[PDB]
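Engineer: Chains as they are written, first to last, in my numbering: chain A, 194 to 293; chain B, 3 to 77; chain C, 17 to 504; chain D, 251 to 424; chain E, 956 to 984; chain F, -4 to 96; chain G, 174 to 229; chain H, -10 to 44; chain I, 930 to 964.
The structure's right below; bear with me while I get my questions together.
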Ligand SMILES: CCCCCCCCCCCCCCCCCC(=O)OC[C@H](COP(=O)([O-])OCC(O)COP(=O)([O-])OC[C@@H](COC(=O)CCCCCCCCCCCCCCCCC)OC(=O)CCCCCCCCCCCCCCCCC)OC(=O)CCCCCCCCCCCCCCCCC
Ligand SMILES: CCCCCCCCCCCCCCCCCC(=O)OC[C@H](COP(=O)([O-])OCC(O)COP(=O)([O-])OC[C@@H](COC(=O)CCCCCCCCCCCCCCCCC)OC(=O)CCCCCCCCCCCCCCCCC)OC(=O)CCCCCCCCCCCCCCCCC
Ligand SMILES: C[C@@H]1CC[C@@]2(OC1)O[C@H]1C[C@H]3[C@@H]4CC=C5C[C@@H](OCCC(CO[C@H]6O[C@H](CO)[C@@H](O[C@H]7O[C@H](CO)[C@@H](O)[C@H](O)[C@H]7O)[C@H](O)[C@H]6O)CO[C@H]6O[C@H](CO)[C@@H](O[C@H]7O[C@H](CO)[C@@H](O)[C@H](O)[C@H]7O)[C@H](O)[C@H]6O)CC[C@]5(C)[C@H]4CC[C@]3(C)[C@H]1[C@@H]2C
Ligand SMILES: CCCCCCCCCCCCCCCCCC(=O)O[C@@H](COC(=O)CCCCCCCCCCCCCCC)COP(=O)(O)OCC[N+](C)(C)C
Ligand SMILES: CCCCCCCCCCCCCCCCCC(=O)O[C@@H](COC(=O)CCCCCCCCCCCCCCC)COP(=O)(O)OCC[N+](C)(C)C
Ligand SMILES: CCCCCCCCCCCCCCCCCCCC(=O)O[C@H](COC(=O)CCCCCCCCCCCCCC)COP(=O)(O)OCCN
Ligand SMILES: CCCCCCCCCCCCCCCCCCCC(=O)O[C@H](COC(=O)CCCCCCCCCCCCCC)COP(=O)(O)OCCN
């Protein structure tokens, strides 16, 4: 039962990220945090499979995905900062001017 | 007759004039540029014709290999 | 050892040149002595030069790109298909850069880092085209995406640009996570990430009753990421907002190059791999949805940029019809549609960038253009009629294959939808022609004439659009060649 | 059982990430999730990844999030909303994902039911692979820089993009 | 009598080299 | 590190040297290689000069353009010379020099 | 008004060229990139008219 | 939340995971019946295909 | 095409992997005992 238990752990993390997207319509910072949660779940999926399959490819890609997660968070938080600086607020009603 | 050099030269001259017109300039504002454009158009057209011949030559061999691979099924 | 790296000479050169330009720009932009000169145009010219030298290196070394293929096999795969894809990508990047100089100097956008980010994204898309493993594909996609996120927000004091960036980063990161999940499921189910291994494992079984639900959902999630990238409905709504809110040169660049790169990826993943009818049905349903929604939403638009965004969504629906029918002619038609759509989009955005010098925003702002600049109004009209697909303009090729694929595969509903959406598209395209030629507004907007770069690019793309169907043989042959090279 | 404990901690901490009213609290719970993940990694024998998750996710990424969220001083009125009306939409979407995606491995990877017999005696030991055992660290380092070096370098390019973007978007030099 | 802008002179030499080298490139190919 | 120069598409001309050394490839540079090299470098220097005038850095811009052109032109000449020695490009001169030394 | 017109009409070739270049340089702006650089570009005094001729 | 609230949520989650374990055992125990159903349906489909090909 | 995976371009691993078969990290453990 080990492999099903390790996989459902990562799976609950992924579903939690999805739920965080669904439940945070006024809070886009938490939406970013939910996306990181999904990325963490995928990283865990690669590591578990590497062990289960006795193969190193899952481990190389896990490290590279960590690099991508870091760069993603850096750029995303920069964009958050400049949006806040322009508006003085992070409320979603001030980032809805592009439409139609 | 109607050679690739002549079509290309006409297209290059037309390109310079069209460019001048788009910029609301007289058709023949910088005539040496018209000469340059005729030269480049002629060169381009001749190279396109040669490339087309070469492309058909490569497609022929590649279709031949595809046909052979398909015909291997009925062996 | 050194000769092994002949397979990556183009990429080595462009990366090194990008580093050189980064150093040059940062050293002299900070110079008190030189009074902090703007370097966006200087670096832009040097980067256009670098792109052209990269193109020369790649085009002239066609066999050498396949050298040491066993040594490079677990990293990438270069062939005839990647050859032509990468050439077309470099040509598009060069054109987009050439269209940016008036924007640099008249707006005074002095940031040279814009050019560096464009060059790094071009590096990423080059590696995307040659990717032959899920890991490499993901890494190259992410490099490309991060560069776009940054450049979409380049007007960092603008509400519109910051909004575009924020929406792009959130939705892009979400879709990338979904795609990565799919990749993890496929690895866990097959023990493989290399495309050759995946082809061997998946071929001959598709859904033979005992189907790997892990393999089936990995494919689905990867397809969702791909569809987000090509702005296919229902994963499209990021595209109109990002296209409108980004700086117009960014919008022009995003409209062309990523499509080339991601379709290269889609061909080599799906077409070269094997789950099968399910995925072609995915692209089938998304094509129909994209055509319908693009047509209707474009009909609703009053602004030029949003109209072009929705037009591109509809056209990717038309293109994906070719991927769906799963034949050599389908792939060829998809490639022909990408080439022609790219040259038409370059023409349209050259006009839009020319008009942005007087801040064109609304379709109604084009009023009386046939009076204030007759040859410009005609040129823009040719682009619109080509977008509408009126023969014998180049745009007629996509309409012709859309109906060619429906009638043969037996798809009468697709033909129905194509007829309706083509007529709707023609209406909203000729509305622009009516605005420039038929209307008599009380207040006119007089536009500043365009620079030489855009006039020359417009002149060449306008001859191509009018005259392509007189001599279409090279494109037809080159695209048949590429379609065949995917499997042989 | 131990995986039940760690998964329960992760479940609760993740719910706190997505449901805490204060975003600073969300960042702190996120840190608890990464700690639990590191515990799982230690169970898998991947001590390098277990430590790196602490160093990078908690030591660098979460610190960045905390610095940014703390200086924002977000008022709850700007991000508050009632979530009772989402229970149905989360119920279908969660259930469908639950029914499909927690059980995706079951048909391919059928669990071994633990029997009332000592199967431990059927574990076969090969001493040949135990003469010179490799750490997780050296197994990874045997591959990153030689056979897959191109992906390594592309990741470097990604980090360079991050640095450039961070400067260009936020810098206001005094 | 003399053009004094050294950088301009170097650029002139570079343009001349480009033109002549292009002619030679065409001729010997 | 195991290496394998073997290409996917075989050489269509006689193989003078399967994996020529760096210095051998450079010493194999012909007059046409030097013409390509010099043309690319000269164009690059010219572009650097002309694009540098408006910011006021035409000299340093010339140097930067020249560095880019030098690297690109050398890579192009090396590409051609190595491809000739390997039989991927028409190599009449290489074959003639090989059949004699 | 006579003062500004007399000043402009009496300028030499060299000063005309200098002011043409200065006018072109300061015709547009990118204050956001200047703030990134931490500099403030000031209009040169040869392009500023006296206050007694300004509308206010 | 209260510390006791977090602890109680953790207990509820532990119960949920043990229930999930029971579910996995159930799914494993029914592999044979699912295989039998798949085989019977495959036989039916093959017989129908062979019979319709007779015409 | 019929048997496209048979085409030499697709058998890259079958020809590369034997060249690295003696590389530390992918050897059979008994190879070290006998070499
Ligand atoms: C015999 C031994 C006896 C001695 C030992 C006894 C030890 C004591 C008992 C242990 C502790 C229990 C009591 C808890 C504290 C109560 C006292 C108190 O003052 O609470 C105040 C509390 C007020 O909240 P607060 O802490 O002050 O925070 C205020 C703000 O929210 C703060 O703001 P914030 O930003 O920090 O947080 C935002 C938000 C945070 O938002 C949330 O946390 C979400 C709230 C809903 C939680 C939904 C479930 C989460 C748990 C996971 C369960 C599995 C989920 C699976 C889903 C994925 C599947 C697809 O806040 C809230 O919404 C608070 C809501 C709290 C409600 C918690 C209800 C938990 C669900 C219980 C379900 C019971 C079902 C049983 C079977 C379960 C199925 C197996 O009000 C309550 O009384 C609720 C707590 C009481 C119920 C929770 C504990 C349940 C434990 C049940 C016993 C275990 C049964 C299983 C045993 C298994 C054995 C094998
Ligand atoms: C063999 C094992 C034996 C174990 C024996 C120990 C068993 C302990 C059982 C305890 C359960 C029964 C409790 C009965 C009631 C006790 C009476 C009472 O509550 O009065 C206490 C009273 C507050 O009680 P309260 O009336 O409920 O007020 C609650 C809030 O005020 C309410 O205000 P609020 O509604 O606004 O909420 C705001 C929020 C505040 O915002 C937050 O975010 C809370 C903080 C959570 C994240 C903070 C850590 C991340 C930040 C980075 C820290 C550095 C990271 C690196 C260093 C640590 C990593 C190793 O407050 C909370 O949410 C508190 C929830 C606590 C969740 C975190 C603790 C669980 C950690 C996991 C423990 C794992 C083992 C236990 C489970 C075992 C399996 C069942 O004052 C104190 O707690 C004293 C403060 C000292 C606490 C030190 C705790 C450790 C802190 C340092 C370590 C940080 C990492 C945590 C461990 C990580 C492990 C890797
Ligand atoms: C620096 C900062 C500070 C913070 C921090 O870092 C950062 O600090 C860091 C510090 C970290 C902790 C560090 C350490 C641990 C311990 C670990 O826990 C070990 C658990 C493992 C080891 O457990 C046993 O392992 C051996 C047995 O396996 C025992 O050997 C015997 O048996 C040998 C064989 O006969 C004999 O030869 C030997 O002679 C004989 O002695 C050995 O004694 C014993 O240890 C795994 O075990 C389980 O796994 C089994 C498999 O799943 C489960 O089996 C079950 O399922 C099977 C079906 O699947 C059924 O068949 C089975 O019937 C059925 O039972 C079962 O649940 C259970 O066994 C749990 C994680 C944790 C807490 C870390 C958390 C995170 C931190 C706090 C980090 C934290 C973040
Ligand atoms: C049959 C095709 C299918 C149907 C589509 C038709 C699309 C067009 C719609 C037809 C309705 C009427 C269209 C009226 C357009 C005719 C008027 C026109 O375009 O004249 C242009 C002419 O536009 C052009 O410049 C067209 C140039 C295209 C060149 C194509 C020819 C290529 C080879 C020619 C070689 C050079 C000339 C040889 C002889 C000297 C004048 O432009 P202005 O904006 O008025 O002024 C330009 C500025 N200036 C005069 C000062 C230079
Ligand atoms: C008596 C019979 C001989 C007649 C000879 C006629 C041949 C003339 C052929 C026409 C050539 C056209 C070349 C077009 C390029 C224009 C070159 C140029 O403009 O020179 C510039 C720039 O020169 C360069 O940077 C490189 C190009 C020069 C190389 C070509 C020079 C053409 C004549 C050759 C003179 C050199 C020969 C001797 C060399 C030792 C001088 O420097 P700046 O004043 O700072 O430039 C300002 C910006 N703007 C370009 C707009 C003027
Ligand atoms: C053989 C016929 C074609 C030959 C063309 C020249 C040789 C090819 C070299 C490349 C030519 C490319 C086109 C050069 C002009 C490009 C656009 C430049 C326009 C520009 O904005 O900058 C001008 C620089 O002038 C310039 O760039 C031109 C500088 C002098 C070149 C003109 C002489 C051409 C010789 C033609 C035949 C001569 C017969 C005797 C040999 C400054 O513009 P401005 O202030 O100077 O004035 C303009 C009055 N609107
Ligand atoms: C196929 C259908 C038929 C096509 C017809 C083919 C005929 C060939 C074309 C002939 C051209 C005729 C004109 C030639 C003479 C003009 C020479 C240009 C002068 C020049 O140096 O231009 C500079 C600007 O560069 C420029 O303006 C050059 C850049 C122009 C953009 C085009 C190249 C971009 C890269 C490739 C794009 C590919 C896209 C395809 C996907 C400086 O100009 P200035 O001195 O006036 O000062 C502008 C203010 N800064």
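Beta carbons are placed, not taken as given, at the ideal position from N, Cα and C, and that holds for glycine.
Compute the minimum distance between the beta carbon of residue 260 (chain D) and the heavy atoms of ligand 1, and state whether it is under 6 Å.
Structural biologist: Flag unset: Cβ of residue 260 (chain D) not near ligand 1.
Engineer: By DSSP, does residue 85 (chain C) sit in helix, in strand, or in coil?
Structural biologist: Residue state, collapsed to three classes: coil.
Engineer: Note down, in chain order, each residue of its chain lying with its Cβ closer than 7 Å to the Cβ of residue 324 (chain D), except the 5 sequence neighbours on either side.
Structural biologist: The residues are 273.
Engineer: Taking 6 Å as the cut-off, is the beta-carbon of residue 225 (chain C) closer than that to any non-hydrogen atom of ligand 1?
Structural biologist: Checking the Cβ of residue 225 (chain C) against ligand 1 gives no.
Engineer: Relative to the C-alpha of residue 45 (chain C), which residue among F:38, F:47 and F:20 is closest?
Structural biologist: Of the candidates F:38, F:47 and F:20, the one whose C-alpha sits nearest the C-alpha of residue 45 (chain C) is F:47.
Engineer: In whole angstroms, give me the CA-to-CA distance for residue 957 (chain E) and residue 65 (chain C).
Structural biologist: Each residue's alpha carbon lies about 32 Å from the other.
Engineer: Among all the DSSP beta bridges, which residues are the ones paired with residue 210 (chain C)?
Structural biologist: Residue 210 (chain C) is bridged to C:149.
Engineer: Compare the beta carbon distance of residue 81 (chain C) and residue 94 (chain C) with 7 Å and say whether it is the shorter of the two.
Structural biologist: Yes; because the gap between Cβ atoms is below 7 Å, this pair is in contact.
Engineer: May I have the straight-line CA-CA distance separating residue 343 (chain C) from residue 291 (chain C), to the nearest angstrom?
Structural biologist: Cα-Cα distance, rounded: 16 Å.
Engineer: Put residue 202 (chain G) into one of helix, strand or coil per three-state DSSP.
Structural biologist: Residue 202 (chain G) falls in the coil class under three-state DSSP.
Engineer: Give the secondary structure of residue 319 (chain C) by DSSP, where H, G and I count as helix, E and B as strand, and everything else as coil.
Structural biologist: Strand.
Engineer: Can you give the beta carbon distance from residue 133 (chain C) to residue 414 (chain D), rounded, assuming they're within the 8 Å contact cut?
Structural biologist: Yes, residue 133 (chain C) and residue 414 (chain D) are in contact; Cβ-Cβ is about 7 Å, under 8 Å.
Engineer: Can you name the residues of chain K whose CB is closer than 7 Å to the CB of residue 252 (chain A)?
Structural biologist: In summary, chain K is missing from the structure at hand, where the protein chains are A, B, C, D, E, F, G, H and I.
Engineer: When the cut-off is 7 Å and only beta carbons count, does residue 197 (chain A) lie next to chain H?
Structural biologist: It does; some Cβ of chain H falls within 7 Å.
Engineer: CA-CA distance, residue 394 (chain C) and residue 213 (chain C)?
Structural biologist: So the alpha carbons of these two residues sit roughly 53 Å apart.
Engineer: By a C-beta neighbour count over all protein chains shown, 10 Å radius and 16 as the cutoff for buried, is residue 39 (chain H) buried or exposed?
Structural biologist: Its Cβ having fewer than 16 others within 10 Å, residue 39 (chain H) is exposed.
Engineer: Express the C-alpha separation of residue 48 (chain C) and residue 177 (chain C) in angstroms, rounding to a whole number.
Structural biologist: Looking at the two C-alpha atoms, the distance is approximately 30 Å.
Engineer: Beta-carbon separation of residue 170 (chain C) and residue 263 (chain C) under 7 Å?
Structural biologist: Yes, they are a contact pair.
Engineer: Is it the case that the CB of residue 945 (chain I) approaches a heavy atom of ligand 6 more closely than 6 Å?
Structural biologist: The answer is no for residue 945 (chain I).
Engineer: Looking at the secondary structure, which residues open and close the alpha helix (DSSP H) in which residue 349 (chain D) lies?
Structural biologist: Where residue 349 (chain D) is concerned, the enclosing alpha helix (DSSP H) stretches over 337 to 351.
Engineer: Distance check for residue 153 (chain C) and residue 143 (chain C), CA to CA, integer angstroms please.
Structural biologist: Taking the straight line joining both Cα atoms gives about 8 Å.
Engineer: On the DSSP bridge list, what partners appear for residue 378 (chain C)?
Structural biologist: Per DSSP, C:319.
Engineer: Nearer than 6 Å: is that true of the beta carbon of residue 445 (chain C) relative to any heavy atom of ligand 4?
Structural biologist: Checking every heavy atom of ligand 4 against the Cβ of residue 445 (chain C), none is found closer than 6 Å.
Engineer: By the three-class DSSP mapping on this structure, what secondary structure does residue 307 (chain D) have?
Structural biologist: Looking at residue 307 (chain D) - three-state DSSP - the assignment turns out to be helix.
Engineer: Tell me whether the stretch 48 to 56 of chain F and the stretch 50 to 59 of chain C touch, counting them as touching only if at least three CB pairs, one residue from each stretch, are closer than 8 Å.
Structural biologist: Yes: at least three Cβ pairs fall under 8 Å.
Engineer: Would residue 397 (chain C) pass as a contact of residue 360 (chain C) if the rule is Cβ separation under 7 Å?
Structural biologist: The answer is no: Cβ separation not under 7 Å.
Engineer: In chain D, what lies closer than 9 Å to residue 17 (chain H) by C-beta?
Structural biologist: The answer, in chain order, is 356, 360, 361, 362 and 363.
Engineer: Does DSSP put residue 330 (chain D) in a helix, in a strand, or in coil?
Structural biologist: Residue 330 (chain D) falls in the coil class under three-state DSSP.
Engineer: Residues of the stretch 27 to 49 of chain F with a CB closer than 7 Å to any CB of chain E: list them in chain order, please.
Structural biologist: Against chain E - using a Cβ distance shorter than 7 Å - the residues of the stretch 27 to 49 of chain F are 27, 30, 31, 33, 34, 37, 38, 40, 41 and 44.
Engineer: Shorter than 6 Å, the distance from the beta carbon of residue 330 (chain D) to the closest heavy atom of ligand 2, or not?
Structural biologist: Outside the cutoff, so no.
Engineer: Quick one: which residues of the stretch 151 to 166 of chain C get their C-beta closer than 8 Å to a C-beta of chain D? List them in chain order.
Structural biologist: Residues 151, 152, 155, 156, 158, 159, 162, 163, 165 and 166.
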